[PDB]
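J.: The structure that follows is given in the form of structure tokens.
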Amino acid sequence: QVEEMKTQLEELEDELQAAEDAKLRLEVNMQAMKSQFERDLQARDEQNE
Amino acid sequence: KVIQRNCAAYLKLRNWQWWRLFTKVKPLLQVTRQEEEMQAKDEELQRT
Amino acid sequence: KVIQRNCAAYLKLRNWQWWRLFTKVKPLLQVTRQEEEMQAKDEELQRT
Amino acid sequence: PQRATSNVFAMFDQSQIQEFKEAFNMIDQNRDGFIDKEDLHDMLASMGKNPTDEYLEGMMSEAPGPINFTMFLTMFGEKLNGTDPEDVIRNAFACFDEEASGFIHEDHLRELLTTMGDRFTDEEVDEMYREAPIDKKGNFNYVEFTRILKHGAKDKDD
Amino acid sequence: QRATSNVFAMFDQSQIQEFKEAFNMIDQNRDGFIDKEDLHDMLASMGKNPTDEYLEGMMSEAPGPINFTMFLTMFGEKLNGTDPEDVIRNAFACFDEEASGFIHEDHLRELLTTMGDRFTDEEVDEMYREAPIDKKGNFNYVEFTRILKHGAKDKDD
Amino acid sequence: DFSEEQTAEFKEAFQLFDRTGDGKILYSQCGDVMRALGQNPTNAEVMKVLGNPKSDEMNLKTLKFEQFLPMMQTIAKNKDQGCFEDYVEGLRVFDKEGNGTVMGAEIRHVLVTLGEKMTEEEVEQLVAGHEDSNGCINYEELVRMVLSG
Ligand SMILES: [Mg+2]
Ligand SMILES: [Mg+2]
């Protein structure tokens, strides 16, 4: 029982660390790509200008 | 700060904790060449 | 001179053909699976 | 937590274990599935120059006796944790400075690293300075830094 | 132990992987040595009939040095100082301004066979006969370089 | 006081504003964090908090997390609560043609005529958040945006 419970310990801790870190950094990338999209917006804006 | 300091600490402690075993990674480039070439072939095909 | 130093030198090995001795079918083993990707890469490069 | 890695490095991609089995096969000149004094002292000597220091006994003493394929894999498995491939680090370095040119000024670098977050000493932070190649005039490039942090690049060769 | 080793040196990085594929495909039993039973019966699969005992003769050249690692050592031992064909292509193109494989047969004769290196005419006739002759009787130094490097073809069985 | 959830929020802000020592808190730091944690009134509360107009030493303005908690309560008793009707009427009095043709210059003028002013980079920063054109808003959109925090 203690073997299996610490097995779930390791498995769930590793999976939660990976998933949450990827999620937070993927929202960081979300903001970054939104920023690049808005730079392309100002590029089209200056072409129109 | 959390993510990057964690990664930096993990690499800097292991930069010489297992330096030798990290230095036998030379044949990794030689053995990854087939997969890398196949992949790069794929992306250059899509860039064509 | 730099042409002569290596052309006949290889052609001297062609008179030795040690590679032939055990790989008379060396082009056959060269054209098994890898020739496809070398041809694909060469054609992609020349078309680009 | 326990950090014993009961499973055989299950919390990672499996590509690296094909590279590890290729490395195991090429070191195992005996090819019996186990490392040996006979194995390493000549396979390491293939690129090395027959070192006098007995650190291959360092390996066979770190894990007693000849080590199994799975033993080698798990003793590397305990060496990987809290890290991720180059993509996320590159994205973060793109995030923190908008220009993304990798002009991490030395004052800016130390301010962003040592000061906030988990408190740690700038003296141990200096290992990132005396060893890692910093760009001149204060700014610090990251793409080469990311490559050397990963397996893409190395500072020197044997 | 197997007791085989030598000083290692790289000759062609883009060739060893194909060499390791060749070693794996011949070594069905994963032995690392060279075996008459392993190869001859496998050679006869795609080949016609390599039953002549030149194979046992060639595995009898040296007593038990065979291994995957030394397969590089022997080839490097045979051949050293090799240059890619494209730079060699430029070297061939140095004397002739056309540089389109139109090297004249008499041009090659008069230059190489006599002036510079004084040798017999036979040591060029094998390139004259074994290799194809370009149009008009020229020296197609493009396909000539190709067959110097990899394009040399013979009986494939 | 509420449950320990607000104490936990104050603790995580405490470890968040840990520069130059986690333990000590600058009154500037505590004022900023309390404002941002849902308390608008911050202008004249320095005298109501310190009890001493002393604002000469930036390095050492003593405050501790212990007495910080009742301070938050005596601020959060909501000594003042205005609503947009007064704000919009003031701006429409400040308005010129009832629609806001070009409001960019005069808003800057009215904010630089006030004695208690602190920043100009915020003055150039306000263009963000739908305040992009030459004062195109009739102030309703910007009032709605500011009254959303
Ligand atoms: Mg062994
Ligand atoms: Mg075999």
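The way I read the labels, and the way they are meant: chains A, B, ... in the order of the structure tokens, residue 1 as the first residue of every chain, and ligand 1 as the first ligand shown, with later ones counted on from there.
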What would you get as a PDB file with N, CA, C and O atoms, in the first residue's frame if chain C were moved onto chain B by least squares over all of its C-alpha atoms in order?
T.:
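Okay, result34.pdb is ready:
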```pdb
ATOM      1  N   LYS C   1       9.447  34.448 -12.326  1.00  0.00           N
ATOM      2  CA  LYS C   1       9.616  33.341 -11.390  1.00  0.00           C
ATOM      3  C   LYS C   1       9.574  31.998 -12.113  1.00  0.00           C
ATOM      4  O   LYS C   1      10.405  31.114 -11.859  1.00  0.00           O
ATOM      5  N   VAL C   2       8.616  31.828 -13.030  1.00  0.00           N
ATOM      6  CA  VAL C   2       8.538  30.564 -13.758  1.00  0.00           C
ATOM      7  C   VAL C   2       9.689  30.415 -14.746  1.00  0.00           C
ATOM      8  O   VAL C   2      10.005  29.292 -15.155  1.00  0.00           O
ATOM      9  N   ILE C   3      10.322  31.517 -15.154  1.00  0.00           N
ATOM     10  CA  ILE C   3      11.565  31.410 -15.913  1.00  0.00           C
ATOM     11  C   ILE C   3      12.688  30.911 -15.014  1.00  0.00           C
ATOM     12  O   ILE C   3      13.450  30.009 -15.382  1.00  0.00           O
ATOM     13  N   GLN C   4      12.797  31.486 -13.815  1.00  0.00           N
ATOM     14  CA  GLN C   4      13.910  31.167 -12.926  1.00  0.00           C
ATOM     15  C   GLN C   4      13.830  29.743 -12.392  1.00  0.00           C
ATOM     16  O   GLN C   4      14.869  29.128 -12.125  1.00  0.00           O
ATOM     17  N   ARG C   5      12.619  29.206 -12.220  1.00  0.00           N
ATOM     18  CA  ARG C   5      12.484  27.918 -11.545  1.00  0.00           C
ATOM     19  C   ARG C   5      13.120  26.776 -12.332  1.00  0.00           C
ATOM     20  O   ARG C   5      13.502  25.762 -11.737  1.00  0.00           O
ATOM     21  N   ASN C   6      13.246  26.909 -13.651  1.00  0.00           N
ATOM     22  CA  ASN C   6      13.719  25.806 -14.479  1.00  0.00           C
ATOM     23  C   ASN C   6      15.002  26.090 -15.246  1.00  0.00           C
ATOM     24  O   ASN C   6      15.736  25.145 -15.547  1.00  0.00           O
ATOM     25  N   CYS C   7      15.293  27.349 -15.580  1.00  0.00           N
ATOM     26  CA  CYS C   7      16.500  27.651 -16.343  1.00  0.00           C
ATOM     27  C   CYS C   7      17.751  27.270 -15.560  1.00  0.00           C
ATOM     28  O   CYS C   7      18.514  26.385 -15.965  1.00  0.00           O
ATOM     29  N   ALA C   8      17.968  27.927 -14.417  1.00  0.00           N
ATOM     30  CA  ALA C   8      19.118  27.600 -13.583  1.00  0.00           C
ATOM     31  C   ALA C   8      19.054  26.165 -13.083  1.00  0.00           C
ATOM     32  O   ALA C   8      20.097  25.547 -12.840  1.00  0.00           O
ATOM     33  N   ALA C   9      17.845  25.616 -12.928  1.00  0.00           N
ATOM     34  CA  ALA C   9      17.709  24.233 -12.485  1.00  0.00           C
ATOM     35  C   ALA C   9      18.391  23.280 -13.458  1.00  0.00           C
ATOM     36  O   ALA C   9      19.120  22.369 -13.045  1.00  0.00           O
ATOM     37  N   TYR C  10      18.165  23.471 -14.758  1.00  0.00           N
ATOM     38  CA  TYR C  10      18.919  22.703 -15.743  1.00  0.00           C
ATOM     39  C   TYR C  10      20.386  23.107 -15.735  1.00  0.00           C
ATOM     40  O   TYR C  10      21.273  22.249 -15.817  1.00  0.00           O
ATOM     41  N   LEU C  11      20.663  24.411 -15.650  1.00  0.00           N
ATOM     42  CA  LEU C  11      22.051  24.860 -15.621  1.00  0.00           C
ATOM     43  C   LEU C  11      22.768  24.390 -14.362  1.00  0.00           C
ATOM     44  O   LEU C  11      23.998  24.259 -14.363  1.00  0.00           O
ATOM     45  N   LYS C  12      22.027  24.139 -13.281  1.00  0.00           N
ATOM     46  CA  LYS C  12      22.619  23.458 -12.134  1.00  0.00           C
ATOM     47  C   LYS C  12      23.031  22.037 -12.499  1.00  0.00           C
ATOM     48  O   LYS C  12      24.090  21.561 -12.072  1.00  0.00           O
ATOM     49  N   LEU C  13      22.205  21.342 -13.286  1.00  0.00           N
ATOM     50  CA  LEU C  13      22.600  20.030 -13.787  1.00  0.00           C
ATOM     51  C   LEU C  13      23.804  20.131 -14.713  1.00  0.00           C
ATOM     52  O   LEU C  13      24.617  19.201 -14.779  1.00  0.00           O
ATOM     53  N   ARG C  14      23.933  21.247 -15.435  1.00  0.00           N
ATOM     54  CA  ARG C  14      25.123  21.465 -16.249  1.00  0.00           C
ATOM     55  C   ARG C  14      26.371  21.557 -15.384  1.00  0.00           C
ATOM     56  O   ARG C  14      27.469  21.212 -15.835  1.00  0.00           O
ATOM     57  N   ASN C  15      26.223  22.017 -14.139  1.00  0.00           N
ATOM     58  CA  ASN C  15      27.308  21.942 -13.172  1.00  0.00           C
ATOM     59  C   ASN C  15      27.467  20.542 -12.601  1.00  0.00           C
ATOM     60  O   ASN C  15      28.495  20.253 -11.981  1.00  0.00           O
ATOM     61  N   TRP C  16      26.472  19.675 -12.787  1.00  0.00           N
ATOM     62  CA  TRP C  16      26.560  18.280 -12.372  1.00  0.00           C
ATOM     63  C   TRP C  16      27.031  17.368 -13.501  1.00  0.00           C
ATOM     64  O   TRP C  16      27.790  16.425 -13.255  1.00  0.00           O
ATOM     65  N   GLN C  17      26.584  17.637 -14.732  1.00  0.00           N
ATOM     66  CA  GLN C  17      26.971  16.931 -15.954  1.00  0.00           C
ATOM     67  C   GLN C  17      27.102  15.416 -15.799  1.00  0.00           C
ATOM     68  O   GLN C  17      28.025  14.814 -16.355  1.00  0.00           O
ATOM     69  N   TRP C  18      26.171  14.778 -15.077  1.00  0.00           N
ATOM     70  CA  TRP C  18      26.231  13.324 -14.952  1.00  0.00           C
ATOM     71  C   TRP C  18      26.121  12.650 -16.309  1.00  0.00           C
ATOM     72  O   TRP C  18      26.762  11.619 -16.541  1.00  0.00           O
ATOM     73  N   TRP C  19      25.312  13.210 -17.210  1.00  0.00           N
ATOM     74  CA  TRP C  19      25.194  12.642 -18.548  1.00  0.00           C
ATOM     75  C   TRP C  19      26.522  12.734 -19.287  1.00  0.00           C
ATOM     76  O   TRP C  19      26.911  11.813 -20.016  1.00  0.00           O
ATOM     77  N   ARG C  20      27.232  13.851 -19.104  1.00  0.00           N
ATOM     78  CA  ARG C  20      28.547  14.013 -19.712  1.00  0.00           C
ATOM     79  C   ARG C  20      29.504  12.917 -19.265  1.00  0.00           C
ATOM     80  O   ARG C  20      30.267  12.394 -20.083  1.00  0.00           O
ATOM     81  N   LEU C  21      29.426  12.517 -17.992  1.00  0.00           N
ATOM     82  CA  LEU C  21      30.414  11.609 -17.412  1.00  0.00           C
ATOM     83  C   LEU C  21      30.590  10.340 -18.238  1.00  0.00           C
ATOM     84  O   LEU C  21      31.710   9.837 -18.382  1.00  0.00           O
ATOM     85  N   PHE C  22      29.502   9.805 -18.794  1.00  0.00           N
ATOM     86  CA  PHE C  22      29.592   8.623 -19.637  1.00  0.00           C
ATOM     87  C   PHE C  22      29.254   8.883 -21.098  1.00  0.00           C
ATOM     88  O   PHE C  22      29.450   7.987 -21.926  1.00  0.00           O
ATOM     89  N   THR C  23      28.763  10.071 -21.447  1.00  0.00           N
ATOM     90  CA  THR C  23      28.446  10.407 -22.833  1.00  0.00           C
ATOM     91  C   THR C  23      29.007  11.773 -23.198  1.00  0.00           C
ATOM     92  O   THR C  23      28.301  12.652 -23.697  1.00  0.00           O
ATOM     93  N   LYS C  24      30.295  11.982 -22.914  1.00  0.00           N
ATOM     94  CA  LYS C  24      30.990  13.142 -23.464  1.00  0.00           C
ATOM     95  C   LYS C  24      30.853  13.210 -24.979  1.00  0.00           C
ATOM     96  O   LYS C  24      30.967  14.292 -25.569  1.00  0.00           O
ATOM     97  N   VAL C  25      30.600  12.073 -25.624  1.00  0.00           N
ATOM     98  CA  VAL C  25      30.390  12.013 -27.064  1.00  0.00           C
ATOM     99  C   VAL C  25      28.913  11.783 -27.361  1.00  0.00           C
ATOM    100  O   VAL C  25      28.563  11.194 -28.391  1.00  0.00           O
ATOM    101  N   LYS C  26      28.038  12.230 -26.459  1.00  0.00           N
ATOM    102  CA  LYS C  26      26.604  12.099 -26.704  1.00  0.00           C
ATOM    103  C   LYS C  26      26.135  12.769 -27.993  1.00  0.00           C
ATOM    104  O   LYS C  26      25.303  12.162 -28.690  1.00  0.00           O
ATOM    105  N   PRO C  27      26.584  13.976 -28.361  1.00  0.00           N
ATOM    106  CA  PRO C  27      26.208  14.492 -29.687  1.00  0.00           C
ATOM    107  C   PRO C  27      26.682  13.602 -30.820  1.00  0.00           C
ATOM    108  O   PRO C  27      26.004  13.504 -31.849  1.00  0.00           O
ATOM    109  N   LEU C  28      27.834  12.944 -30.657  1.00  0.00           N
ATOM    110  CA  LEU C  28      28.320  12.038 -31.694  1.00  0.00           C
ATOM    111  C   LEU C  28      27.368  10.866 -31.899  1.00  0.00           C
ATOM    112  O   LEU C  28      27.067  10.499 -33.042  1.00  0.00           O
ATOM    113  N   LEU C  29      26.882  10.262 -30.811  1.00  0.00           N
ATOM    114  CA  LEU C  29      25.903   9.192 -30.954  1.00  0.00           C
ATOM    115  C   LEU C  29      24.535   9.725 -31.360  1.00  0.00           C
ATOM    116  O   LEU C  29      23.717   8.963 -31.886  1.00  0.00           O
ATOM    117  N   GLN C  30      24.273  11.012 -31.130  1.00  0.00           N
ATOM    118  CA  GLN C  30      23.031  11.620 -31.592  1.00  0.00           C
ATOM    119  C   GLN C  30      23.045  11.881 -33.092  1.00  0.00           C
ATOM    120  O   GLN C  30      21.983  11.884 -33.724  1.00  0.00           O
ATOM    121  N   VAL C  31      24.221  12.098 -33.675  1.00  0.00           N
ATOM    122  CA  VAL C  31      24.337  12.434 -35.087  1.00  0.00           C
ATOM    123  C   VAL C  31      24.747  11.222 -35.927  1.00  0.00           C
ATOM    124  O   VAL C  31      25.223  11.384 -37.051  1.00  0.00           O
ATOM    125  N   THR C  32      24.578  10.010 -35.401  1.00  0.00           N
ATOM    126  CA  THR C  32      24.889   8.814 -36.177  1.00  0.00           C
ATOM    127  C   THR C  32      23.971   8.666 -37.386  1.00  0.00           C
ATOM    128  O   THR C  32      24.422   8.778 -38.529  1.00  0.00           O
ATOM    129  N   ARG C  33      22.684   8.417 -37.144  1.00  0.00           N
ATOM    130  CA  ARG C  33      21.751   8.165 -38.236  1.00  0.00           C
ATOM    131  C   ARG C  33      20.433   8.915 -38.072  1.00  0.00           C
ATOM    132  O   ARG C  33      19.771   9.237 -39.064  1.00  0.00           O
ATOM    133  N   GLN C  34      20.046   9.202 -36.828  1.00  0.00           N
ATOM    134  CA  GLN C  34      18.741   9.803 -36.566  1.00  0.00           C
ATOM    135  C   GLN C  34      18.703  11.288 -36.915  1.00  0.00           C
ATOM    136  O   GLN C  34      17.638  11.813 -37.282  1.00  0.00           O
ATOM    137  N   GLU C  35      19.843  11.971 -36.793  1.00  0.00           N
ATOM    138  CA  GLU C  35      19.889  13.401 -37.067  1.00  0.00           C
ATOM    139  C   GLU C  35      19.448  13.702 -38.489  1.00  0.00           C
ATOM    140  O   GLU C  35      18.858  14.756 -38.744  1.00  0.00           O
ATOM    141  N   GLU C  36      19.700  12.779 -39.422  1.00  0.00           N
ATOM    142  CA  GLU C  36      19.286  12.989 -40.803  1.00  0.00           C
ATOM    143  C   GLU C  36      17.773  13.129 -40.901  1.00  0.00           C
ATOM    144  O   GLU C  36      17.265  14.055 -41.542  1.00  0.00           O
ATOM    145  N   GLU C  37      17.032  12.232 -40.246  1.00  0.00           N
ATOM    146  CA  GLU C  37      15.580  12.317 -40.344  1.00  0.00           C
ATOM    147  C   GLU C  37      15.005  13.450 -39.504  1.00  0.00           C
ATOM    148  O   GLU C  37      14.016  14.061 -39.923  1.00  0.00           O
ATOM    149  N   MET C  38      15.590  13.777 -38.341  1.00  0.00           N
ATOM    150  CA  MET C  38      15.088  14.975 -37.660  1.00  0.00           C
ATOM    151  C   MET C  38      15.319  16.230 -38.498  1.00  0.00           C
ATOM    152  O   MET C  38      14.435  17.092 -38.586  1.00  0.00           O
ATOM    153  N   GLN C  39      16.492  16.353 -39.126  1.00  0.00           N
ATOM    154  CA  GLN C  39      16.747  17.508 -39.980  1.00  0.00           C
ATOM    155  C   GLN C  39      15.797  17.536 -41.170  1.00  0.00           C
ATOM    156  O   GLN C  39      15.286  18.599 -41.538  1.00  0.00           O
ATOM    157  N   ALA C  40      15.548  16.376 -41.785  1.00  0.00           N
ATOM    158  CA  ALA C  40      14.634  16.327 -42.920  1.00  0.00           C
ATOM    159  C   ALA C  40      13.225  16.739 -42.513  1.00  0.00           C
ATOM    160  O   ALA C  40      12.573  17.519 -43.217  1.00  0.00           O
ATOM    161  N   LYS C  41      12.741  16.233 -41.376  1.00  0.00           N
ATOM    162  CA  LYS C  41      11.409  16.604 -40.911  1.00  0.00           C
ATOM    163  C   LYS C  41      11.326  18.091 -40.591  1.00  0.00           C
ATOM    164  O   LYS C  41      10.344  18.754 -40.945  1.00  0.00           O
ATOM    165  N   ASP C  42      12.345  18.634 -39.918  1.00  0.00           N
ATOM    166  CA  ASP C  42      12.327  20.054 -39.577  1.00  0.00           C
ATOM    167  C   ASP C  42      12.344  20.922 -40.827  1.00  0.00           C
ATOM    168  O   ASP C  42      11.599  21.908 -40.919  1.00  0.00           O
ATOM    169  N   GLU C  43      13.185  20.573 -41.805  1.00  0.00           N
ATOM    170  CA  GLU C  43      13.241  21.345 -43.041  1.00  0.00           C
ATOM    171  C   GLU C  43      11.932  21.249 -43.813  1.00  0.00           C
ATOM    172  O   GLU C  43      11.456  22.250 -44.357  1.00  0.00           O
ATOM    173  N   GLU C  44      11.333  20.057 -43.867  1.00  0.00           N
ATOM    174  CA  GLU C  44      10.050  19.914 -44.544  1.00  0.00           C
ATOM    175  C   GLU C  44       8.975  20.751 -43.865  1.00  0.00           C
ATOM    176  O   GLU C  44       8.187  21.425 -44.538  1.00  0.00           O
ATOM    177  N   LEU C  45       8.940  20.735 -42.531  1.00  0.00           N
ATOM    178  CA  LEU C  45       7.934  21.505 -41.807  1.00  0.00           C
ATOM    179  C   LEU C  45       8.117  23.001 -42.030  1.00  0.00           C
ATOM    180  O   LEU C  45       7.147  23.725 -42.283  1.00  0.00           O
ATOM    181  N   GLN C  46       9.361  23.486 -41.952  1.00  0.00           N
ATOM    182  CA  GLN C  46       9.586  24.919 -42.115  1.00  0.00           C
ATOM    183  C   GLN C  46       9.333  25.360 -43.553  1.00  0.00           C
ATOM    184  O   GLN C  46       8.819  26.460 -43.787  1.00  0.00           O
ATOM    185  N   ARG C  47       9.666  24.514 -44.532  1.00  0.00           N
ATOM    186  CA  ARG C  47       9.388  24.862 -45.920  1.00  0.00           C
ATOM    187  C   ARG C  47       7.891  24.854 -46.202  1.00  0.00           C
ATOM    188  O   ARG C  47       7.393  25.704 -46.946  1.00  0.00           O
ATOM    189  N   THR C  48       7.154  23.910 -45.609  1.00  0.00           N
ATOM    190  CA  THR C  48       5.700  23.926 -45.735  1.00  0.00           C
ATOM    191  C   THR C  48       5.115  25.179 -45.095  1.00  0.00           C
ATOM    192  O   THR C  48       4.179  25.782 -45.635  1.00  0.00           O
TER     193      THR C  48
END
```
J.: Which residues are near ligand 2 - at most 12 Å, using only C-alpha atoms and all ligand atoms? Format: as a PDB file with C-alpha atoms, in the first residue's frame.
T.:
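Below is the file selection_15.pdb, written as the result:
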```pdb
ATOM      1  CA  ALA E  22      25.548  -2.131 -43.593  1.00  0.00           C
ATOM      2  CA  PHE E  23      27.044  -3.810 -40.520  1.00  0.00           C
ATOM      3  CA  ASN E  24      23.603  -4.282 -38.956  1.00  0.00           C
ATOM      4  CA  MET E  25      21.999  -5.680 -42.112  1.00  0.00           C
ATOM      5  CA  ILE E  26      24.768  -8.239 -42.677  1.00  0.00           C
ATOM      6  CA  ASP E  27      24.942  -9.109 -38.950  1.00  0.00           C
ATOM      7  CA  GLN E  28      21.592 -10.858 -38.639  1.00  0.00           C
ATOM      8  CA  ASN E  29      22.705 -12.767 -35.525  1.00  0.00           C
ATOM      9  CA  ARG E  30      24.259  -9.613 -33.975  1.00  0.00           C
ATOM     10  CA  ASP E  31      27.729 -11.106 -33.506  1.00  0.00           C
ATOM     11  CA  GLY E  32      30.029  -8.277 -34.602  1.00  0.00           C
ATOM     12  CA  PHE E  33      32.332 -10.739 -36.382  1.00  0.00           C
ATOM     13  CA  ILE E  34      32.391 -11.941 -40.004  1.00  0.00           C
ATOM     14  CA  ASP E  35      31.013 -15.435 -40.602  1.00  0.00           C
ATOM     15  CA  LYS E  36      30.921 -17.517 -43.775  1.00  0.00           C
ATOM     16  CA  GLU E  37      27.549 -18.995 -42.810  1.00  0.00           C
ATOM     17  CA  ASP E  38      26.186 -15.549 -41.933  1.00  0.00           C
ATOM     18  CA  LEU E  39      27.228 -13.855 -45.165  1.00  0.00           C
ATOM     19  CA  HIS E  40      27.411 -16.469 -47.945  1.00  0.00           C
ATOM     20  CA  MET E  42      22.740 -14.147 -47.149  1.00  0.00           C
ATOM     21  CA  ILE E  66      37.173  -8.408 -36.811  1.00  0.00           C
ATOM     22  CA  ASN E  67      34.812  -6.035 -34.987  1.00  0.00           C
ATOM     23  CA  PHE E  68      32.449  -3.206 -35.877  1.00  0.00           C
TER      24      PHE E  68
END
```
J.: Among the residues of range 89-126 of chain E, find those DSSP assigns to helix (DSSP H, G or I) from the backbone and print them as a ChimeraX atom specification.
T.: /E:89-95,105-114,122-126
J.: Find the residues in chain E near chain C: any atom within 9 Å counts, using only C-alpha atoms. Write them as an mmCIF file with C-alpha atoms, in the first residue's frame.
T.:
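Below is the file out_14.cif, written as the result:
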```cif
data_model
loop_
_atom_site.group_PDB
_atom_site.id
_atom_site.type_symbol
_atom_site.label_atom_id
_atom_site.label_comp_id
_atom_site.auth_asym_id
_atom_site.auth_seq_id
_atom_site.Cartn_x
_atom_site.Cartn_y
_atom_site.Cartn_z
ATOM 1 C CA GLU E 18 25.563 3.999 -43.714
ATOM 2 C CA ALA E 22 25.548 -2.131 -43.593
ATOM 3 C CA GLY E 47 23.128 -12.608 -55.340
ATOM 4 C CA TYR E 54 37.505 -16.574 -51.978
ATOM 5 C CA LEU E 55 35.263 -15.593 -49.058
ATOM 6 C CA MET E 58 39.459 -13.225 -47.297
ATOM 7 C CA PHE E 75 39.203 1.437 -44.586
ATOM 8 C CA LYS E 78 43.747 1.733 -46.956
ATOM 9 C CA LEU E 79 42.802 5.230 -48.068
ATOM 10 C CA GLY E 81 43.888 12.165 -47.985
ATOM 11 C CA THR E 82 40.579 12.277 -49.851
ATOM 12 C CA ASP E 83 38.871 15.413 -51.150
ATOM 13 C CA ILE E 88 37.908 18.047 -57.324
ATOM 14 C CA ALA E 91 40.334 21.230 -60.051
ATOM 15 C CA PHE E 92 39.434 19.322 -63.220
ATOM 16 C CA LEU E 112 48.341 13.524 -68.423
ATOM 17 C CA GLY E 116 54.043 16.117 -65.953
ATOM 18 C CA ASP E 117 53.969 12.513 -64.731
ATOM 19 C CA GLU E 123 47.501 3.383 -66.681
ATOM 20 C CA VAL E 124 44.982 5.621 -68.461
ATOM 21 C CA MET E 127 39.677 4.823 -67.514
ATOM 22 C CA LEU E 148 35.227 8.232 -58.919
ATOM 23 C CA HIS E 150 30.118 6.650 -55.901
ATOM 24 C CA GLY E 151 28.937 6.150 -59.494
ATOM 25 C CA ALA E 152 31.282 3.275 -60.322
ATOM 26 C CA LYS E 153 29.008 0.349 -61.224
ATOM 27 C CA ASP E 154 29.785 -3.326 -61.812
ATOM 28 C CA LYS E 155 27.991 -6.673 -61.539
ATOM 29 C CA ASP E 156 25.336 -6.208 -58.845
ATOM 30 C CA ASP E 157 23.862 -9.744 -58.898
#
```
J.: Could you list, as a VMD selection string, every residue within 12 Å of residue 77 in chain E, counting only C-alpha atoms and ignoring same-chain residues fewer than 2 positions away?
T.: (chain C and resid 18) or (chain E and resid 6 to 11 70 to 75 79 to 81)
J.: Hey, can you spit out that residue selection with N, CA and C atoms as a CSV table (one decimal), in the first residue's frame?
T.:
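Wrote again-v6.csv, looks like this:
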```
chain,number,residue,atom,x,y,z
C,18,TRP,N,40.2,-3.3,-53.0
C,18,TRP,CA,39.9,-4.1,-51.7
C,18,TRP,C,38.5,-4.0,-51.3
E,6,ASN,N,42.5,0.2,-32.0
E,6,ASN,CA,43.4,1.0,-32.8
E,6,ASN,C,43.2,2.5,-32.5
E,7,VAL,N,44.0,3.3,-33.0
E,7,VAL,CA,43.9,4.8,-32.9
E,7,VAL,C,42.8,5.2,-33.8
E,8,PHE,N,41.8,5.9,-33.2
E,8,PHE,CA,40.6,6.3,-33.9
E,8,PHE,C,40.8,7.7,-34.6
E,9,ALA,N,40.2,7.8,-35.8
E,9,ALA,CA,40.2,9.0,-36.6
E,9,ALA,C,39.0,9.0,-37.5
E,10,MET,N,38.4,10.2,-37.7
E,10,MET,CA,37.3,10.3,-38.6
E,10,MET,C,37.7,10.6,-40.0
E,11,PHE,N,37.0,10.0,-40.9
E,11,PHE,CA,37.3,10.1,-42.4
E,11,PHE,C,36.1,10.7,-43.1
E,70,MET,N,36.7,-1.7,-35.7
E,70,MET,CA,37.8,-1.8,-36.6
E,70,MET,C,37.5,-1.8,-38.1
E,71,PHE,N,36.2,-1.8,-38.4
E,71,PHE,CA,35.8,-1.7,-39.8
E,71,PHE,C,36.1,-0.3,-40.4
E,72,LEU,N,36.1,0.7,-39.5
E,72,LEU,CA,36.5,2.0,-39.9
E,72,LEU,C,38.1,2.0,-40.0
E,73,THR,N,38.8,1.4,-39.1
E,73,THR,CA,40.2,1.4,-39.1
E,73,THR,C,40.8,0.9,-40.4
E,74,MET,N,40.3,-0.3,-40.8
E,74,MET,CA,40.9,-0.9,-42.1
E,74,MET,C,40.7,0.0,-43.3
E,75,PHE,N,39.5,0.6,-43.4
E,75,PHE,CA,39.2,1.4,-44.6
E,75,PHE,C,40.0,2.7,-44.6
E,79,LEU,N,42.9,4.0,-47.3
E,79,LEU,CA,42.8,5.2,-48.1
E,79,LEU,C,42.9,6.4,-47.1
E,80,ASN,N,43.7,7.4,-47.5
E,80,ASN,CA,43.9,8.6,-46.7
E,80,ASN,C,44.0,9.8,-47.7
E,81,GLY,N,43.8,11.0,-47.2
E,81,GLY,CA,43.9,12.2,-48.0
E,81,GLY,C,42.9,12.2,-49.1
```
J.: Would you mind listing what lies within 10 Å of residue 60 in chain F as number ranges by chain, with only C-alpha atoms counted and same-chain residues fewer than 3 positions away left out?
T.: F: 24-27, 56-57, 63
J.: For a test of reading the model, state the distance in Å between CA of residue 144 in chain F and CA of residue 84 in chain F, rounded to one decimal.
T.: 8.9 Å
